[PDB]
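Encoded as structure tokens, the structure appears first; notes follow it.
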Amino acid sequence: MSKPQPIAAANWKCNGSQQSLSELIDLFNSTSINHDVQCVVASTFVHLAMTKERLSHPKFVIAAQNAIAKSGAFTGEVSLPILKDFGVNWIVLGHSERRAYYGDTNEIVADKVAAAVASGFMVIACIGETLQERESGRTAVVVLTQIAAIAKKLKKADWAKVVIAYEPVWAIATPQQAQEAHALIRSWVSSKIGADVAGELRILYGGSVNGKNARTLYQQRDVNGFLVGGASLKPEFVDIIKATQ
Amino acid sequence: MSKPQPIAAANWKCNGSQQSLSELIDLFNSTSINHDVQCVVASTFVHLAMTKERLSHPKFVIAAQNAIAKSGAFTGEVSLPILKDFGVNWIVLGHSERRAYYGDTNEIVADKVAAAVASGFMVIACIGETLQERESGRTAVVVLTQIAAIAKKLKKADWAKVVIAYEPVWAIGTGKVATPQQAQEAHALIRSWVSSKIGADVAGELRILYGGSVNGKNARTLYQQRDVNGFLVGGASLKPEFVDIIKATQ
């Protein structure tokens, strides 16, 4: 019957000092986790070296927060082959802040997801609708077109490397609202890709999660874990991880 | 005065493996350089840690290739306070590839420069005009408009932290080639404006680096130009020939 393995993802965004991040990682390290869950830490590019070195908990992997597809004349950017050479195997793509501020269009996110999949990354691909879009009743068409763009560049086998993160930008929500969004995504994948892909697909909730609402949210049928913002910079991330049983 | 301290800056852009960049650092470490020059290695964010640990040459400092002013909810970006806490004190801002591909407008570069200066960084601020701006007779308009926007956010005293890099974008991948005389015309234009607008003291001390195609063979005749104070180098900076470029600044 089972839910696939849950994922607890820490998106630190553009935050942290060597000091403050190093303490948090010690805290994760000293954390006892007794179930099957993949914990993910996405730090800035700058802190990948210290994270890779200091995070030893065997249930954790490190991720990047963005990349471009190829090395070359792209001053300021980091590419997939550079990340792969550095030993980073997870990446967050298409986060709402990048779609909003940094020109991650539906198609550009799709190209990045496909390039990351093809060089072997595990990819957390973010989709989600704004406030205006939800109130207009355009959630399904906005959100499904986002994933459909990503799907156009994937084959069936690729979905084993893909995790979807639903970001309800419009609340920046009830378990019912989250559940219906996830069910909406899963139903799309079943109809458009196949039931053999959709049952296994992790769909993560990426709205504001804290230690107190996480449990009720994870109990939803189609919620497979979390992509956490601000609370991932704090000790309460550990309680979010624990909400995933 | 006579020429201020030159700078040889290596812009690795989006390149490098742990292995290839280490071998290159080892060489930089083993290089002897007999004159006063500031060398700068601007690596990708991922590589800043390993460059910090391994690069030991007293004439080399480490730079980042971009940043935003403030930490916060900006997934995938790197802020100035994150770089400063990491011990990075030079930064390249407004590079032509960012202006062209990633939203670096005149005012956004100016906001970044002001923030980085205020935060204590030495800033290499890039400017320069496309083929179309040049052909339409807009070289001076574009170059002065870009530097004026940056100036507008700075105080006279702040210029001690500022280095200008001129990029002849009109010569990049167009199959046109900038002569050393063309580089000189652009630098002299930049310096004369700084002299009238900011001050003759500031104009005299300002390093203006040439940021077009620089290699071992052309570096010496470029540096011989009166208002050329060194280089912001692309491709060759990933190569042993970057050492010859540093040496061409004697």
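Laboratory data are not the source of any read-out in this text; all were calculated from the coordinates shown. Neighbour counts run over all protein chains shown; Cβ positions are idealised from the backbone, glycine included.
Within the stretch B:11-30, one or more residues are among the charged types (D, E, K, R) and under 16 Å from the mean Cα position of the chain (by Cα).
Taking A:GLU167, is it farther than 22 Å from A:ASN34 by Cα, acidic (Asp, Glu) and surrounded by 23 or more Cβ atoms within 10 Å (Cβ to Cβ)? It is true that A:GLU167 is farther than 22 Å from A:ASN34 by Cα, acidic (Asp, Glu) and surrounded by 23 or more Cβ atoms within 10 Å (Cβ to Cβ).
Filtering the stretch A:90-108 to residues that are surrounded by fewer than 17 Cβ atoms within 10 Å (Cβ to Cβ) and either in contact with a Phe, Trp or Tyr (Cβ under 6 Å, 6 or more places away or on another chain) or of a type in the set (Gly, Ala, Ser) (or both) leaves A:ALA100, A:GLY103. When residues in the stretch A:78-105 are screened for being more than 12 Å from the chain's Cα centre (by Cα), part of a loop (DSSP other than H, G, I, E, B) and under 18 Å from A:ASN15 (Cα atoms), 2 of them pass. Pick from the stretch B:85-134 the residues that are closer than 21 Å to B:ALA151 by Cα and of a type in the set (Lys, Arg): which of them is nearest to the other protein chains (Cβ to nearest Cβ)? Result: B:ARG98. Of all residues in the stretch B:1-19, those satisfying the criterion of being outside any loop (DSSP other than H, G, I, E, B), within 14 Å of chain A (Cβ to nearest Cβ) and surrounded by 13 or more Cβ atoms within 10 Å (Cβ to Cβ) are B:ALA9, B:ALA10, B:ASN11, B:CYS14, B:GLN18. Would you confirm whether or not the stretch B:45-63 contains a residue that is under 30 Å from A:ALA9 (Cα atoms), facing another protein chain (nearest Cβ under 7 Å) and among the polar types (S, T, N, Q)? No, the stretch B:45-63 contains no residue that is under 30 Å from A:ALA9 (Cα atoms), facing another protein chain (nearest Cβ under 7 Å) and among the polar types (S, T, N, Q). Looking only at residues in the stretch A:64-77 that are part of a loop (DSSP other than H, G, I, E, B) and under 15 Å from A:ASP111 (Cβ atoms), the one that is farthest from the other protein chains (Cβ to nearest Cβ) is A:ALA69.
Of A:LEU184, A:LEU217, A:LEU227, A:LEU204, all but one fail to be under 20 Å from A:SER2 (Cα atoms) and under 13 Å from the mean Cα position of the chain (by Cα); the exception is A:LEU204.
Selection of the stretch B:191-221 for residues being closer than 14 Å to B:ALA248 by Cβ and of a type in the set (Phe, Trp, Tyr) yields only B:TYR210.
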